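First up is the structure itself, then whatever we jot down about it.
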Amino acid sequence: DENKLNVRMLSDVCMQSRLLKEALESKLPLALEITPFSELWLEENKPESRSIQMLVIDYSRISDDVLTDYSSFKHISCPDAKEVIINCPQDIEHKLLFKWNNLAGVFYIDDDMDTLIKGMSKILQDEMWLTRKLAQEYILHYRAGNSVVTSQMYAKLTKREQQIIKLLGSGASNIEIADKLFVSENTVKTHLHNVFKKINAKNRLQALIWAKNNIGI
Amino acid sequence: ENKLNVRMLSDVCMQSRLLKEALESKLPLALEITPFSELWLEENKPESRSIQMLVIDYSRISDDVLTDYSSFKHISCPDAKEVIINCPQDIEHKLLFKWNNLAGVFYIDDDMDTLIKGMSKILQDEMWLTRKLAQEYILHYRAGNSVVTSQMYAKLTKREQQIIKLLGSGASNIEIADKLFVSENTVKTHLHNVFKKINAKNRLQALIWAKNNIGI
Ligand SMILES: Nc1nc2c(ncn2[C@@H]2O[C@@H]3COP(=O)(O)O[C@H]4[C@@H](O)[C@H](n5cnc6c(=O)[nH]c(N)nc65)O[C@@H]4COP(=O)(O)O[C@H]3[C@H]2O)c(=O)[nH]1
Ligand SMILES: Nc1nc2c(ncn2[C@@H]2O[C@@H]3COP(=O)(O)O[C@H]4[C@@H](O)[C@H](n5cnc6c(=O)[nH]c(N)nc65)O[C@@H]4COP(=O)(O)O[C@H]3[C@H]2O)c(=O)[nH]1
C-alpha cells in the first residue's frame with residue numbers, strides 16, 4: 001500500500017516470522033516484507049529497495065559474515081532508512097550497537113508484543129525507543145567528540161593490511177595508497193584481496209563501505 | 001493439566017513467543033519453549049516426563065543436535081507425539097521417518113490457518129500428513145522396511161561401522177572386541193573417535209543413536 005510505511009525485516013521466513021509480520025501489519029500503518037540476511041546481496045540493486053524506510057533487524061539471525069553485505073546494502077539502496085533491532089540480547093555491549101547508524105529502537109529477546117507495539121508506534125511517530133542507559137551511552141560517547149567504534153575484524157589484520165585499509169576507508173585510490181606507503185600499485189592490490197577476508201568484501205566498494213563504518217581514529 | 005503438555009524445540013524470541021501465544025489461545029494446550037542446544041539439560045528433569053507433544057522447528061535444526069534429541073525423546077518422553085514445523089517443501093520423505101512418532105508436518109510456507117487446522121486434527125488423534133508422505137510410509141513399512149541408515153554412519157570407516165552396528169544391537173564392550181577378535185581397549189578407543197563424529201556425549205547416547213540411525 002502506498003499509504004503505509006515501507007518496512008523490510010531481516011529474518012528467516014517461517015511460521016514465526018510470518019506470524020510476526022501479520023501481527024505488526026495488524027496494529028500499525030506499515031507494509032512489511034521479509035528478506036533473509038543471506039539474500040540481502042540480491043536486493044542491493046533492485047529499484048524497489050530504494051523505497052525501504054525501515055529495516056527491522058532480527059539480532060537472533062545475525063552473524064559476522066552477513067555484516068559487510070548489510071553495510072553495502074544500507075548505503076547503496078536505503079541509507080536514510082531507520083533501523084530497529086529485535087531479539088537483542090539483554091546483556092549487549094552498548095558500543096556494538098553504534099554501528100547501526102540510524103538506530104531508532106531496540107527490542108530485547110524477552111520483550112512481549114505489548115511492548116513491541118508500544119515502541120514501534122512511538123518510533124513511527126519519530127520518537128526513539130532506547131533504554132535510559134543506552135541513551136546515556138550515546139550522549140557520553142558522541143557529545144565527547146567520538147564517532148566510529150573500530151571493529152574486531154580490523155584489529156585482527158597485519159600491519160600492512162591495517163595501514164592499507166585505514167587509507168581505503170578514507171577514500172584513497174589504490175595508487176594513492178601505494179604512494180603513501182611507498183609501495184607498488186599492484187602490491188596494495190594484492191593485500192586488499194587478502195583483506196577481503198574476513199572483512200568479507202565481495203569487492204572493493206563493499207570493503208570501502210566497510211571501512212568507513214568499521215574503522216575509526 | 002487439562003491442557004496437552006506441549007514442548008516446542010525452537011529459539012526463544014519475539015516470534016516464538018508470538019507463536020506460542022497464538023497456539024495456546026486457539027487450542028487446549030500448554031506450551032513451553034526449549035531450544036535444541038539446551039535439550040541435554042532437560043533430559044533428566046521430572047517435568048520432562050510429562051511432555052505429550054514435541055513441536056520440532058526444522059528451521060532451527062542441525063545434525064549436531066540430533067543425537068541430543070534422540071536420547072531426550074527416549075529417556076524422558078518416548079510416547080510423546082512429534083509434530084514438525086518449518087519443514088522444507090522439497091524434503092526427502094525417507095529423512096522424515098527418523099521421527100518415530102511423527103503425526104504432522106508443517107511446511108515453511110504454511111499459514112496459521114493451516115497450523116490451527118492441522119493441530120486440531122492432530123489433537124483429535126488424526127494425522128496431518130501429505131498424500132505422498134502417507135504413501136511413502138505405507139510403501140516403505142508395508143514392504144517390511146525399518147530404520148533408514150543415516151548419512152553419518154556411511155561416513156565413518158569400516159572398523160568404526162562394524163563396532164557401531166554391534167553397539168546398536170546392544171552388545172557389550174567386551175562382546176564387541178570378541179566378535180571382531182580385537183583388544184577390549186581397542187574397541188573402547190574407536191568408540192571415542194565415533195562419539196566425536198556422531199556427537200555422543202557418552203555411550204548411552206551413542207547406542208540410542210545406533211538404534212535410530214543404523215538399521216538394517
Ligand atoms: N515512571 C517512569 N519510569 C521510568 C522512566 N524511565 C525509566 N523508568 C523505569 O526504569 C525502568 C527501566 O527503564 P529502561 O532501561 O529505560 O527500559 C524501559 C524502556 O526501554 C522501555 N519503555 C517503557 N516505557 C517507555 C516509554 O514510555 N517511553 C520510552 N521511550 N521507553 C519506554 O521499556 C523498558 C522497561 O520499561 P519499564 O517496565 O517501565 O521499566 C522502567 C521504569 O521502571 C520514566 O520516565 N518514568
Ligand atoms: N477435495 C480434496 N482435495 C484433496 C484431497 N487430498 C488432497 N487433495 C488435493 O491435493 C492437494 C495436495 O494434497 P496434500 O499433498 O495432501 O496436501 C494437503 C494436506 O497436506 C493438507 N490438507 C489440506 N486439507 C486437509 C484435510 O482436510 N485433511 C488432511 N489430512 N490434510 C489436509 O494441506 C495440503 C494442501 O491442501 P490443499 O491446498 O487443499 O491441496 C490439496 C488438494 O488440492 C481430498 O481428500 N479432498
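For the C-alpha cells, the naming scheme is as follows: chains receive sequential letters (A, B, ...) according to their order of presentation, residues are indexed from 1 within each chain, and ligands are indexed from 1 in presentation order.
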If you count only C-alpha atoms and all ligand atoms, which residues end up within 10 Å of ligand 2, as an mmCIF file with C-alpha atoms, in the first residue's frame?
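This went into out_11.cif:
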data_model
loop_
_atom_site.group_PDB
_atom_site.id
_atom_site.type_symbol
_atom_site.label_atom_id
_atom_site.label_comp_id
_atom_site.auth_asym_id
_atom_site.auth_seq_id
_atom_site.Cartn_x
_atom_site.Cartn_y
_atom_site.Cartn_z
ATOM 1 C CA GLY B 104 2.087 -33.979 11.404
ATOM 2 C CA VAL B 105 4.298 -31.919 9.156
ATOM 3 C CA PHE B 106 4.002 -28.179 8.579
ATOM 4 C CA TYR B 107 5.909 -26.503 5.834
ATOM 5 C CA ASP B 110 2.066 -22.851 5.736
ATOM 6 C CA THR B 114 -3.273 -24.258 8.299
ATOM 7 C CA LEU B 115 -1.366 -24.646 11.564
ATOM 8 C CA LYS B 117 -6.499 -26.672 11.258
ATOM 9 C CA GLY B 118 -3.959 -29.489 11.422
ATOM 10 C CA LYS B 121 -6.950 -32.701 13.694
ATOM 11 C CA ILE B 122 -3.842 -33.995 15.500
ATOM 12 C CA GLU B 126 -5.679 -37.729 13.396
ATOM 13 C CA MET B 127 -2.526 -37.243 11.326
ATOM 14 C CA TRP B 128 -1.606 -34.223 9.240
ATOM 15 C CA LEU B 129 0.439 -35.874 6.542
ATOM 16 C CA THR B 130 0.623 -35.041 2.873
ATOM 17 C CA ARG B 131 -0.874 -37.629 0.482
ATOM 18 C CA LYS B 132 2.501 -38.574 -0.902
ATOM 19 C CA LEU B 133 4.116 -38.675 2.529
ATOM 20 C CA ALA B 134 1.403 -41.053 3.761
ATOM 21 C CA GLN B 135 2.026 -43.071 0.636
#
Next item on the list: Collect all residues with atoms no farther than 7 Å from ligand 1, counting only C-alpha atoms and all ligand atoms, and output them as number ranges by chain.
Entry: A: 119, 128-133
Checklist line | Contact residues around residue 158 of chain A with only C-alpha atoms at 10 Å, ignoring same-chain residues under 5 positions, as a list in words | finding: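 Those residues are residues 163, 164, 191 and 195 of chain A.
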Checklist line | Distance-based interface of chain A with chain B, 12 Å, counting only C-alpha atoms, as a PyMOL selection string | finding: chain A and resi 11-24+58-61+85-90+107-117
Serialized selection, N, CA and C atoms, as a compact mmCIF listing (two decimals), in the first residue's frame:
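And here is the file that came out, again_10.txt:
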# COMPACT_ATOMS: atom_id res chain seq x y z
N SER A 11 15.21 -11.40 8.46
CA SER A 11 15.00 -12.61 9.26
C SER A 11 14.76 -13.80 8.34
N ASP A 12 14.63 -14.99 8.93
CA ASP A 12 14.20 -16.16 8.16
C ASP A 12 12.78 -15.95 7.70
N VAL A 13 12.35 -16.65 6.67
CA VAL A 13 10.91 -16.80 6.53
C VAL A 13 10.50 -18.11 7.19
N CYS A 14 9.41 -18.09 7.94
CA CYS A 14 8.93 -19.27 8.66
C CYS A 14 7.62 -18.97 9.40
N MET A 15 6.95 -20.00 9.92
CA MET A 15 5.75 -19.78 10.72
C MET A 15 5.89 -18.50 11.54
N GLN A 16 6.92 -18.47 12.39
CA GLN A 16 7.10 -17.39 13.35
C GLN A 16 7.25 -16.02 12.70
N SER A 17 8.13 -15.90 11.72
CA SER A 17 8.31 -14.62 11.05
C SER A 17 7.00 -14.11 10.49
N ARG A 18 6.35 -14.92 9.66
CA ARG A 18 5.08 -14.52 9.07
C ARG A 18 4.02 -14.18 10.11
N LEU A 19 4.04 -14.86 11.24
CA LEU A 19 3.17 -14.50 12.34
C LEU A 19 3.50 -13.09 12.82
N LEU A 20 4.79 -12.83 13.01
CA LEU A 20 5.22 -11.51 13.43
C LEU A 20 4.79 -10.46 12.40
N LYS A 21 5.01 -10.74 11.12
CA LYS A 21 4.66 -9.79 10.09
C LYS A 21 3.18 -9.47 10.18
N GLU A 22 2.38 -10.52 10.30
CA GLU A 22 0.94 -10.35 10.40
C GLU A 22 0.62 -9.49 11.63
N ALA A 23 1.16 -9.86 12.78
CA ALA A 23 0.92 -9.10 14.00
C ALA A 23 1.26 -7.60 13.86
N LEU A 24 2.35 -7.29 13.17
CA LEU A 24 2.73 -5.89 13.02
C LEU A 24 1.76 -5.15 12.08
N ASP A 58 16.69 -8.56 12.88
CA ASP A 58 16.49 -9.65 13.83
C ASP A 58 17.82 -10.16 14.35
N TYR A 59 18.22 -9.67 15.53
CA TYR A 59 19.56 -9.92 16.05
C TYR A 59 19.83 -11.40 16.26
N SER A 60 18.77 -12.18 16.46
CA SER A 60 18.93 -13.61 16.66
C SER A 60 19.21 -14.37 15.37
N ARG A 61 19.28 -13.68 14.24
CA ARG A 61 19.64 -14.35 12.99
C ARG A 61 20.83 -13.65 12.36
N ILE A 85 16.24 -2.84 15.99
CA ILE A 85 16.70 -4.19 16.32
C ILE A 85 15.62 -4.93 17.09
N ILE A 86 15.37 -6.19 16.74
CA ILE A 86 14.53 -7.03 17.60
C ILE A 86 15.35 -8.23 18.04
N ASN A 87 14.90 -8.87 19.12
CA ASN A 87 15.62 -10.02 19.68
C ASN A 87 17.06 -9.71 20.13
N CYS A 88 17.30 -8.48 20.56
CA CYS A 88 18.61 -8.11 21.10
C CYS A 88 18.87 -8.83 22.41
N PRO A 89 20.09 -9.34 22.59
CA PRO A 89 20.46 -9.91 23.89
C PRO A 89 20.39 -8.85 24.98
N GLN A 90 19.89 -9.21 26.16
CA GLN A 90 19.76 -8.26 27.27
C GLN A 90 21.09 -7.63 27.65
N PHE A 107 14.60 -3.78 20.64
CA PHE A 107 13.66 -4.66 21.33
C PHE A 107 14.40 -5.93 21.72
N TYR A 108 14.15 -6.39 22.94
CA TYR A 108 15.02 -7.41 23.52
C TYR A 108 14.42 -8.80 23.42
N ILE A 109 15.29 -9.80 23.50
CA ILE A 109 14.89 -11.18 23.30
C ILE A 109 13.70 -11.59 24.17
N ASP A 110 13.42 -10.85 25.23
CA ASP A 110 12.27 -11.21 26.05
C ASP A 110 11.24 -10.09 26.19
N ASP A 111 11.13 -9.25 25.17
CA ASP A 111 10.07 -8.25 25.13
C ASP A 111 8.80 -8.88 24.58
N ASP A 112 7.66 -8.60 25.20
CA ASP A 112 6.38 -9.10 24.68
C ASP A 112 5.76 -8.13 23.66
N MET A 113 4.71 -8.58 22.98
CA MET A 113 4.13 -7.81 21.88
C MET A 113 3.55 -6.48 22.35
N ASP A 114 3.02 -6.44 23.56
CA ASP A 114 2.53 -5.18 24.06
C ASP A 114 3.64 -4.15 23.92
N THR A 115 4.85 -4.55 24.31
CA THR A 115 5.99 -3.65 24.26
C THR A 115 6.39 -3.35 22.81
N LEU A 116 6.46 -4.37 21.97
CA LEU A 116 6.79 -4.15 20.56
C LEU A 116 5.83 -3.17 19.88
N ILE A 117 4.54 -3.24 20.19
CA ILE A 117 3.59 -2.39 19.52
C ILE A 117 3.67 -0.99 20.10
Item checked: Counting only C-alpha atoms, the option among B:25, B:7, B:145, B:62 closest to residue 81 of chain B ->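 Nearest to residue 81 of chain B: B:7.
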Checklist line | Residues near residue 200 of chain A, cut-off 10 Å, only C-alpha atoms, skip fewer than 5 positions along chain, as a VMD selection string | finding: chain A and resid 64 to 69 153 194 to 195 206 to 207 210
Please dump the current selection as a CSV table (one decimal), in the first residue's frame; keep N, CA, C and O atoms.
chain,number,residue,atom,x,y,z
A,64,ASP,N,28.5,-12.4,11.7
A,64,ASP,CA,29.6,-11.5,11.2
A,64,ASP,C,29.8,-11.5,9.7
A,64,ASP,O,30.1,-10.5,9.1
A,65,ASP,N,29.5,-12.7,9.1
A,65,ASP,CA,29.7,-12.8,7.6
A,65,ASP,C,28.6,-12.1,6.8
A,65,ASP,O,28.8,-11.9,5.6
A,66,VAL,N,27.5,-11.8,7.4
A,66,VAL,CA,26.5,-11.0,6.7
A,66,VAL,C,26.6,-9.5,6.9
A,66,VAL,O,26.0,-8.7,6.1
A,67,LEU,N,27.4,-9.1,7.8
A,67,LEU,CA,27.6,-7.7,8.1
A,67,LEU,C,28.1,-6.8,7.0
A,67,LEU,O,27.7,-5.6,6.8
A,68,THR,N,29.1,-7.2,6.2
A,68,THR,CA,29.5,-6.4,5.1
A,68,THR,C,28.4,-6.3,4.1
A,68,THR,O,28.2,-5.2,3.5
A,69,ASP,N,27.7,-7.4,3.9
A,69,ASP,CA,26.6,-7.4,3.0
A,69,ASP,C,25.6,-6.4,3.4
A,69,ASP,O,25.0,-5.6,2.6
A,153,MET,N,37.2,-7.4,13.6
A,153,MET,CA,37.9,-7.9,12.4
A,153,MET,C,39.1,-7.1,12.1
A,153,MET,O,40.2,-7.7,11.9
A,194,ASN,N,43.6,-10.1,0.1
A,194,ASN,CA,43.7,-10.9,1.3
A,194,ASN,C,42.8,-10.3,2.3
A,194,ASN,O,42.1,-11.0,3.1
A,195,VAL,N,42.7,-9.0,2.4
A,195,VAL,CA,41.8,-8.3,3.4
A,195,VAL,C,40.4,-8.6,3.1
A,195,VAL,O,39.6,-8.6,4.1
A,206,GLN,N,32.4,-2.6,-1.4
A,206,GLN,CA,32.0,-3.2,-0.1
A,206,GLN,C,33.0,-2.8,1.0
A,206,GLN,O,32.6,-2.2,2.0
A,207,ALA,N,34.2,-3.2,0.8
A,207,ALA,CA,35.3,-3.0,1.8
A,207,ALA,C,35.4,-1.5,2.1
A,207,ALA,O,35.5,-1.2,3.3
A,210,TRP,N,32.7,-0.8,4.2
A,210,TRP,CA,33.0,-1.5,5.5
A,210,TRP,C,33.9,-0.6,6.3
A,210,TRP,O,33.6,-0.2,7.5
Next item on the list: Tell me which protein, DNA and RNA residues are within 6 Å of segment 156-173 of chain B, counting only C-alpha atoms, leaving out same-chain ones fewer than 3 positions away, and put them as a PyMOL selection string.
Entry: chain B and resi 153+176+207+210-211
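You will find atom CA of residue 122 of chain A at 12.6 Å from atom CA of residue 27 of chain A.
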Margin query: Set the distance at 12 Å and use only C-alpha atoms: which residues neighbour residue 181 of chain A once local chain neighbours fewer than 6 positions away are removed? I'd like the list as a ChimeraX atom specification.
Written below: /A:159-167,172,174-175,187-188
Check: Hey, what does DSSP flag as alpha helix (DSSP H) within segment 8-198 of chain B? Can you give it to me as a PyMOL selection string?
Finding: chain B and resi 14-26+39-42+66-76+93-96+112-123+131-142+151-155+158-167+173-179+184-198
